[PDB]
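Notes to accompany the following structure.
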Amino acid sequence: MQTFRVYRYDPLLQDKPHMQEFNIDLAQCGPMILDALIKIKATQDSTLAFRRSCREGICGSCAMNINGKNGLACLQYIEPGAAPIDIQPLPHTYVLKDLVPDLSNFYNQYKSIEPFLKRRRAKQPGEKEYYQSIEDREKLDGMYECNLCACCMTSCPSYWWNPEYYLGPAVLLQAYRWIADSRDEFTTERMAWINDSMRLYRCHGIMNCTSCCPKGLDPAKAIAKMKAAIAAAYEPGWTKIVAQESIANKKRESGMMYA
Amino acid sequence: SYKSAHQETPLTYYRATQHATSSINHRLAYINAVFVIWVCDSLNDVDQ
Amino acid sequence: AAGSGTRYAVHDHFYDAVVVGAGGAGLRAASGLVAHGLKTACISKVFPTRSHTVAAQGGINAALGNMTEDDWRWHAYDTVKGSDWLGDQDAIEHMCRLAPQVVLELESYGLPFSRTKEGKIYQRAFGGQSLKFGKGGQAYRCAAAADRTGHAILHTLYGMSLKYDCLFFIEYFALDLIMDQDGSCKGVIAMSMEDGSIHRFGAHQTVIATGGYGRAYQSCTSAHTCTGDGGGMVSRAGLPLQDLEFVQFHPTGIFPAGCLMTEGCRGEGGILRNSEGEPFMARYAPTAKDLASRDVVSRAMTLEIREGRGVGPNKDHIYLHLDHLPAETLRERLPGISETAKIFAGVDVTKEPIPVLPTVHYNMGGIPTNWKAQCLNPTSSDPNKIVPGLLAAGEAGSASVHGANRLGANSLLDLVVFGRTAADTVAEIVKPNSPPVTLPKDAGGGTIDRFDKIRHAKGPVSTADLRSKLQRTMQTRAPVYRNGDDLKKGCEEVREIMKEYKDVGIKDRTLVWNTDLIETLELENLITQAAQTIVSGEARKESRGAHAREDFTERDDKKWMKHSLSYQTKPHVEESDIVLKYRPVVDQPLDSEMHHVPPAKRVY
Amino acid sequence: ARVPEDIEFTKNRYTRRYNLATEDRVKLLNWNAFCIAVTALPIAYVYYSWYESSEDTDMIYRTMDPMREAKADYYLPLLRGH
Amino acid sequence: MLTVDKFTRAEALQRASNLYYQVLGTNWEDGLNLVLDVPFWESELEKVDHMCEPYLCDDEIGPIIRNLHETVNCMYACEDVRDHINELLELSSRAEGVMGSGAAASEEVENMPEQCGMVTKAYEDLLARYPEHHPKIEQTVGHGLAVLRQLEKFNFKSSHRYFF
Amino acid sequence: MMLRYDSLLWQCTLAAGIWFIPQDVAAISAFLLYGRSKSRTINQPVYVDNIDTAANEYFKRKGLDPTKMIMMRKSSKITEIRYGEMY
Ligand SMILES: CCCCCCCCCCCCCCCCCC(=O)OC[C@H](COP(=O)([O-])OCC(O)COP(=O)([O-])OC[C@@H](COC(=O)CCCCCCCCCCCCCCCCC)OC(=O)CCCCCCCCCCCCCCCCC)OC(=O)CCCCCCCCCCCCCCCCC
Ligand SMILES: CCCCCCCCCCCCCCCCCC(=O)OC[C@H](COP(=O)([O-])OCC[N+](C)(C)C)OC(=O)CCCCCCCCCCCCCCCCC
Ligand SMILES: COC1=C(OC)C(=O)C(C/C=C(\C)CC/C=C(\C)CC/C=C(\C)CC/C=C(\C)CC/C=C(\C)CC/C=C(\C)CC/C=C(\C)CCC=C(C)C)=C(C)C1=O
Ligand SMILES: Cc1cc2nc3c(=O)[nH]c(=O)nc-3n(C[C@H](O)[C@H](O)[C@H](O)COP(=O)(O)OP(=O)(O)OC[C@H]3O[C@@H](n4cnc5c(N)ncnc54)[C@H](O)[C@@H]3O)c2cc1C
Ligand code: SF4
Ligand code: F3S
Ligand code: FES
Ligand SMILES: [K+]
């Protein structure tokens with residue numbers, strides 16, 4: 001009979017959020033935390049709201065803060081004990097309802113880096129897939145697996161202080177994924193844009209990002225590599241390069257972009 | 001009619017890591033140095 | 001934003017086209033439409049990257065010659081044989097002929113495909129694929145990105161959509177379609193979960209790219225969000241739904257969790273072993289033992305467990321022995337499998353077998369469509385009439401490319417090809433700039449009243465209890481081997497479940513992320529599709545593809561080579577009855593490049 | 001409180017509203033003005049400081065080494081301590 | 001301008017082009033970038049205008065001057081609007097209290113929706129006034145509105161393009 | 001608020017205290033030691049058995065008339081002599 005404490009907030013009432021405790025029999029519940037939340041909703045309090053889809057850990061919609069450390073509820077294991085299990089939404093996020101966070105800023109930041117392959121020459125007729133050796137493809141192994149759960153985003157103290165200026169561990173990891181990719185031909189443009197004091201250099205090497213990653217990726221390692229590459233490759237003409245790309249985006253629709 | 005809530009500071013509850021604490025110490029090295037200089041300066045003026 | 005007063009605050013939007021779904025199918029269609037220059041709006045319950053296409057593992061089939069010499073015609077023949085001759089040969093030719101281009105285009109947008117020594121895209125052997133029209137051996141056509149091909153496809157398509165600057169209405173739940181009195185579709189009416197307001201999107205051409213209804217069963221590999229909402233919207237509009245009885249069971253799904261272990265596990269050397277330790281798959285489908293069609297493997301596994309040769313304490317499952325395979329290969333080309341087994345099954349793949357059992361995976365049935373991805377409203381005189389302004393793509397639709405049984409890695413191909421095809425069809429019908437569509441005066445009047453009544457619905461039976469009851473019946477009454485007597489009893493039970501949706505009640509009454517309300521609305525879609533599955537399955541007195549009947553253990557081509565349409569009598573599931581009608585299958589390929597494939601025995 | 005609702009935002013470089021960004025620029029000038037002024041202290045110390053044991057030093061050079069050439073016999077133990 | 005320096009047209013073209021890309025390539029969203037750089041831009045811009053005065057009809061220098069001036073106009077306009085948004089966000093943060101606990105919470109903004117209506121109206125004006133600087137406008141003001149949209153639920157035309 | 005011993009706030013404080021307090025105390029002690037080194041050379045405390053005998057000797061050596069000198073006992077072990085006729 002484990003005790004579960006769940007963060008609760010009603011957007012209509014707009015009352016002070018509080019922690020409500022539920023008692024669940026682990027015998028009739030699945031091992032994972034998400035199973036307990038579903039059982040609570042099904043049996044005791046159907047008003048509880050939370051984002052869930054996969055059950056495998058691949059989609060990354062069920063990111064939550066369990067016992068003070070971010071994680072995905074579907075992969076997190078229930079640890080029975082006298083101490084109640086505390087479940088809260090992602091830290092320093094605007095809660096839409098109960099455990100459902102407001103991650104719109106995270107999506108906007110991700111769209112900013114333009115995560116799509118860019119090439120100077122369009123695919124010539126009769127040309128098949130772009131050449132890429134196994135060795136080059138191996139460089140992307142630790143970076144293309146991100147599920148965008150935002151556990152790392154909300155565990156970075158620098159993101160707590162400057163959410164609207166700092167891209168965060170997840171978006172910076174993806175930016176280096178396209179920089180590292182051999183097929184992409186806009187490496188200098190991407191490095192020039194990311195070379196900003198707020199966007200990139202707010203990372204202070206705290207490493208709360210790598211610790212909580214559900215998929216075991218290493219955003220801190222990738223962020224460190226990107227800084228080293230930028231420092232070695234900087235040229236006086238990078239600022240002009242950013243401006244020229246901004247002119248190329250003049251006719252784009254509204255939304256975050258390269259500018 | 002509907003408004004979203006803002007959570008408190010994560011510092012009060014978020015779990016700590018050994019590396020995270022050490023980084024704070026790294027950033028506070030100069031602050032401590034200034035503090036010690038001030039203490040010695042005060043002692044040199046008010047003691048003995 | 002407009003601003004109207006239909007008991008709620010209704011924001012009226014006007015667009016040239018409106019896709020409903022942000023999965024693989026929906027993302028491709030939106031990118032195509034915007035590329036053609038039409039103003040488009042994509043609506044989704046979830047952020048696009050979190051759709052169930054992300055959970056796809058195996059890969060996408062293409063007739064590239066990267067590993068072995070292949071021909072798209074050979075791939076087409078396999079699809080016809082896999083469909084058990086209930087698949088449209090017109091649609092199959094279109095899909096197979098375009099597969100090489102589609103895959104290469106995906107790589108052109110940055111998809112991280114695994115690479116060969118020479119730098120070409122790597123391909124793997126997947127069940128049901130052969131060379132030289134079956135004369136040859138196993139075919140390596142499944143382009144892959146390790147065990148995360150679905151994750152890569154969805155991210156790349158989302159990047160493509162960002163490049164074309166598509167408009168996304170994220171976290172919007174779609175209610176019924178807006179239908180003209182003439183029978184055309186003039187758009188969709190949806191609810192914003194984040195804001196709580198209702199939105200009426202009005203478009204000349206609509207695309208329904210929702211998922212399947214796999215959550216109607218107790219044990220499924222489908223996501224919690226796979227409630228088949230698009231099909232329910234079409235059914236409530238009075239339009240038919242096709243081939244709902246054919247429900248695929250993936251042979252390999254972790255037991256008891258239901259998580260999937262990719263068919264590529266067997267495609268890279270995995271074996272299935274019974275209590276005796278025998279590789280039982282030799283007895284069934286000898287030429288391709290573990291690479292036989294999914295339905296054949298699933299039926300064999302169920303028979304073996306029934307025979308008493310199951311494994312584990314309770315003889316309830318079978319084992320998948322990947323331990324003999326080299327550790328380096330397992331990590332290189334099956335990384336995701338190892339972690340999933342380590343967590344949910346508590347198994348070390350390198351040294352131990354994985355518990356496995358068949359589980360509902362994919363729904364071959366869906367909204368009827370032609371090879372152009374246009375929704376169909378068949379009539380006795382015209383068996384291929386098209387709804388004037390409606391289109392479907394993805395698992396939601398049934399172009400019949402997959403027919404009775406789906407070939408592994410053929411679904412992801414279907415998403416992109418028909419998602420791309422849907423955009424082309426809309427572009428021809430609708431010019432880049434056209435006068436805004438005129439919604440009917442009472443547009444959404446019925447939907448709001450139904451939505452309001454459910455919002456204030458108070459009754460003894462809860463949504464969770466009713467959904468649990470529905471899943472129990474479907475799992476027990478529609479297993480891999482379906483008996484007619486059980487199906488008849490299940491048909492009565494599901495009809496009772498439809499009636500008691502009248503008594504459903506929700507405790508929550510807000511409009512912002514009211515998951516209790518949303519689940520109740522989803523349950524309505526789940527019930528109606530589940531009912532048609534049982535009724536269609538009970539009516540079909542044969543055994544074809546996934547649909548296997550012990551009472552009728554034979555494939556009747558004379559009197560049963562016909563698609564099975566299903567109609568909902570009235571918009572309200574409570575007051576409706578299921579009616580069945582049939583339309584003939586299309587067997588003649590559109591072009592002469594691919595010859596007709598006459599029906600024949602399907603042994604594999 | 002109630003923030004004013006009739007703010008005339010800047011329209012171009014020659015029709016500008018006074019905002020905190022401009023006030024920050026004024027801070028930049030003032031803090032940098034302090035840096036110029038505070039530089040006088042270290043410069044003043046170096047220019048004015050002297051290090052001499054007593055007034056005899058000047059008298060010794062005036063009487064025993066006026067040209068800074070007069071060599072003196074070295075006896076290491078004097079300044080070596082031992 | 002009071003100066004005795006003389007420059008050829010080739011030098012004047014280079015100076016004007018360098019300044020134009022320096023301003024446009026800079027990240028306007030970061031307030032400190034404008035605070036630190038604007039004093040340098042103004043000093044240079046004064047020199048560029050003086051040396052490029054005889055080339056205002058030149059087929060090469062002319063267009064560069066027009067774009068340079070237009071970009072500086074947009075930079076000041078976007079900064080002013082985003083500066084007001086920052087004030088609104090800071091007021092909201094201080095209203096939370098100490099440690100976000102409300103321990104010493106200040107008075108909230110009583111007319112938040114009115115401010116959102118005012119800011120969005122200004123945002124629309126920038127888009128119409130500077131049709132060739134939308135990427136920069138979205139970077140500074142458009143993103144600012146998205147942050148405000150988290151605090152308060154209001155409607156603006158591009159809200160759906162920011163995942164709202 | 002929600003407070004936990006394993007929180008970043010509390011754990012950082014303990015880490016800072018353990019890391020810096022040993023350094024600071026050593027650094028402060030070293031400075032105190034240097035001050036003591038100069039103090040003892042400039043004026044080393046010296047103990048006298050009897051105050052009266054020492055005070056009389058002090059007056060004799062310096063040629064000070066005891067009448068004009070005021071003697072007071074600041075503490076149990078400290079006695080101070082001052083000029084009576086001091087501005
Ligand atoms: C390669 C590496 C190189 C690294 C190099 C880095 C160098 C950094 C240098 C930093 C500056 C340090 C300067 C120290 C100078 C003092 C020592 C000295 O010179 O001694 C010889 C000599 C003094 O010795 P002296 O001849 O014996 O004369 C005696 C003194 O003059 C007598 O002094 P005074 O009487 O004139 O004044 C005494 C003094 C000393 O102060 C006091 O005396 C204070 C006394 C306090 C008493 C409080 C009482 C409270 C009572 C509470 C009761 C509670 C009861 C509870 C009861 C509970 C019951 C249950 O008072 C003050 O300073 C004013 C008051 C204090 C103000 C500040 C208060 C806030 C402190 C902020 C701390 C910041 C750190 C935060 C830490 C946070 C940690 C988390 O110096 C002088 O005469 C000149 C003094 C000024 C020299 C300044 C030189 C500056 C050099 C700057 C170089 C910068 C280089 C770095 C880069 C460039 C940066 C811009
Ligand atoms: C082209 C490169 C240009 C680089 C410029 C760099 C500028 C650096 C400025 C440093 C300032 C440091 C000031 C310290 C305080 C000194 C105060 C003082 O007592 O001064 C008087 C005294 C006079 O000495 P005094 O012996 O008469 O005694 C004065 C009184 N006592 C002894 C008590 C100090 O000493 C000096 O003059 C100090 C040295 C001043 C050096 C300043 C920097 C010189 C930079 C030269 C640049 C060369 C350019 C090369 C190319 C040339 C091409 C033609
Ligand atoms: C506002 O929310 C916050 C942010 O925004 C979200 C931040 O970014 C950040 C990050 C910012 C930084 C790291 C910058 C540096 C921040 C620092 C140094 C900390 C700043 C905050 C503070 C110093 C806290 C403010 C001060 C306090 C809360 C006071 C602390 C002392 C307290 C509460 C003791 C008072 C107790 C009493 C009055 C009780 C008295 C008891 C009695 C009378 C009992 C008597 C009993 C008897 C028997 C007679 C923080 C810390 C934050 O709190
Ligand atoms: C575990 C697993 C593994 C698989 N692996 C493979 C594989 O390797 N290869 C393969 O070919 N096939 C595979 N499949 C099948 C294939 O992935 C699916 O058929 C395919 O993802 C269907 O995609 P879709 O775009 O049609 O819709 P889905 O991905 O199912 O998602 C439907 C979309 O519509 C949205 N939506 C639904 N209802 C509503 C509503 N009411 N209002 C608004 N939006 C709504 C959803 O949020 C979502 O965005 C797998 C299936 C599963 C479950
Ligand atoms: S790095 Fe890990 S925790 Fe962060 S978003 Fe990606 S998968 Fe999630
Ligand atoms: S925790 Fe944050 S500071 Fe850098 S190392 Fe990770 S992004
Ligand atoms: S539900 Fe998607 S990661 Fe758990
Ligand atoms: K690159």
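Throughout, a chain's letter reflects where its sequence line sits, starting with A, and its residues are numbered from 1. All ligand and atom numbering here is 1-based and tracks the order in the structure.
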Legend entry - contact_flag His92(A) ligand 3 heavy-atom lt 4.0 Å: yes

Inset, instruction - Indicate whether atom 25 (C) of ligand 3 is within a distance of less than 4.0 angstrom of some protein heavy atom. - result: yes

Inset, instruction - Can you measure from CD1 (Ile223(A)) to CG (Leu172(A)) and round to the nearest 0.5 angstrom? - result: 5.0 Å

Inset, instruction - Could you tell me whether atom 6 (Fe) of ligand 6 has an N, O or S atom of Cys156(A) under 2.8 Å away? - result: no

Legend entry - Per-atom contacts, ligand 6 versus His204(A) - under 4.0 Å to a heavy atom: 3 (S)

Legend entry - Mode of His224(C) contact toward ligand 7 - side chain, backbone, both, neither (heavy atoms, under 4.0 Å): neither

Inset, instruction - Number the atoms of ligand 7 from 1 as they appear, then name those within less than 4.0 Å of a heavy atom of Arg55(A), with their elements. - result: 1 (S)

Inset, instruction - May I ask whether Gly100(E) has any heavy atom positioned less than 4.0 angstrom from an atom of ligand 3? - result: yes

Legend entry - Stepwise side chain to side chain donor-acceptor pair (under 3.5 Å) check, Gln7(B) with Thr93(A): CA-CA 6 Å; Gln7(B) 307 184 46; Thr93(A) 65; 2.8 Å; yes

Legend entry - Angle, SG of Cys59(A) through atom 2 (Fe) of ligand 7 to SG of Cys54(A) - 10° precision: 120°

Inset, instruction - Tell me whether the guanidinium CZ or amine NZ of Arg4(F) lies under 6.0 angstrom from the six-membered ring centre of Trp10(F) and within 45° of its axis. - result: no

Legend entry - atom 27 (C) of ligand 3 [closest protein heavy-atom partner, distance rounded to 0.1 Å]: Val98(E) CG1, 4.7 Å

Inset, instruction - Taking atom types as modelled, find out whether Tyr159(A) and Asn105(A) have a side-chain donor-acceptor pair closer than 3.5 angstrom. - result: yes

Legend entry - Shortest protein heavy-atom distance from atom 6 (Fe) of ligand 6, along with the residue and atom involved: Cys209(A) SG, 2.1 Å

Inset, instruction - Establish whether atom 5 (O) of ligand 3 and some protein heavy atom are separated by less than 4.0 angstrom. - result: no

Legend entry - Any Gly205(A) heavy atom less than 4.0 Å to ligand 6: yes

Inset, instruction - Determine, step by step, whether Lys41(A) and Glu519(C) satisfy the salt bridge (charged side-chain N to carboxylate O under 4.0 Å, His left out) criterion, reporting the C-alpha distance in whole Å, the side-chain angles of both residues, the deciding distance to 0.1 Å, and the verdict. - result: CA-CA 11 Å; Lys41(A) 186 180 186 304; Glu519(C) 290 179 0; 2.8 Å; yes

Legend entry - Nearest-neighbour protein heavy atom for atom 9 (C) of ligand 3, which is reported as residue plus atom name and distance: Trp161(A) CZ3, 3.5 Å

Inset, instruction - Have a look at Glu522(C) and tell me which of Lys45(C), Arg215(C), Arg467(C) forms a salt bridge (charged side-chain N to carboxylate O under 4.0 Å, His left out) with it. - result: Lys45(C)

Inset, instruction - May I ask you to check whether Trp160(A) and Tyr14(B) place their ring centers less than 6.0 Å from one another? - result: yes

Inset, instruction - Give the atoms of ligand 6, by number and element, whose distance to some non-hydrogen atom of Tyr166(A) is under 4.0 Å. - result: 7 (S)

Legend entry - Close aromatic pair by centroid cut-off 6.0 Å: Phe47(C) and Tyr158(C): yes

Inset, instruction - Please could you name the atoms of ligand 7 that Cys74(A) approaches to less than 4.0 Å, counting only its heavy atoms? - result: 3 (S), 4 (Fe)

Inset, instruction - Apply salt bridge (charged side-chain N to carboxylate O under 4.0 Å, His left out) to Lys97(A) and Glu194(C), showing your working. - result: CA-CA 9 Å; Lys97(A) 168 155 181 164; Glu194(C) 201 264 7; over 6 Å; no

Legend entry - Residues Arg51(A), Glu171(C); criterion salt bridge (charged side-chain N to carboxylate O under 4.0 Å, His left out); working and verdict: CA-CA 11 Å; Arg51(A) 291 150 164 180; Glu171(C) 288 161 34; 3.2 Å; yes

Inset, instruction - Can you sort out which atoms of ligand 6 are near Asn208(A), meaning under 4.0 Å from one of its heavy atoms? - result: 1 (S)

Legend entry - Modelled atom types, side-chain donor and acceptor of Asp516(C) and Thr47(A), under 3.5 Å: no

Legend entry - Minimum-distance protein heavy atom relative to atom 19 (C) of ligand 3: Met99(E) CE, 4.5 Å

Legend entry - Sub-4.0 Å protein heavy atom next to atom 22 (C) of ligand 3: yes

Inset, instruction - Assess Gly97(E) for proximity to ligand 3: is some non-hydrogen atom of it under 4.0 Å away? - result: yes

Inset, instruction - May I ask you to decide if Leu11(B)'s main-chain N or O and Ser7(F)'s side chain share a donor-acceptor pair within less than 3.5 Å? - result: yes

Inset, instruction - Establish, yes or no, whether a centroid distance under 6.0 Å links the rings of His6(B) and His92(A). - result: yes

Inset, instruction - Pull out every atom of ligand 6 sitting under 4.0 Å from any heavy atom of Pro169(A), numbered as shown with elements. - result: 7 (S)

Inset, instruction - Check each atom of ligand 7 against the heavy atoms of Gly60(A) and keep those under 4.0 Å away; list them by number with element. - result: 2 (Fe), 3 (S)

Inset, instruction - Return the orientation label for the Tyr107(A) and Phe163(E) ring planes: parallel under 30°, perpendicular over 60°, tilted otherwise. - result: perpendicular

Inset, instruction - Go through ligand 6 atom by atom and flag the ones less than 4.0 Å from a non-hydrogen atom of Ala220(A). - result: 5 (S)

Inset, instruction - Indicate whether atom 11 (C) of ligand 3 is within a distance of less than 4.0 angstrom of some protein heavy atom. - result: no

Legend entry - Which of the ligand 6 atoms, numbered from 1, are nearer than 4.0 Å to a heavy atom of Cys203(A): 3 (S), 4 (Fe), 5 (S), 7 (S)

Inset, instruction - Using protein heavy atoms only, decide if any is under 4.0 Å from atom 44 (C) of ligand 3. - result: no

Legend entry - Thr13(F) side chain vs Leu9(F) backbone, donor-acceptor pair below 3.5 Å: yes

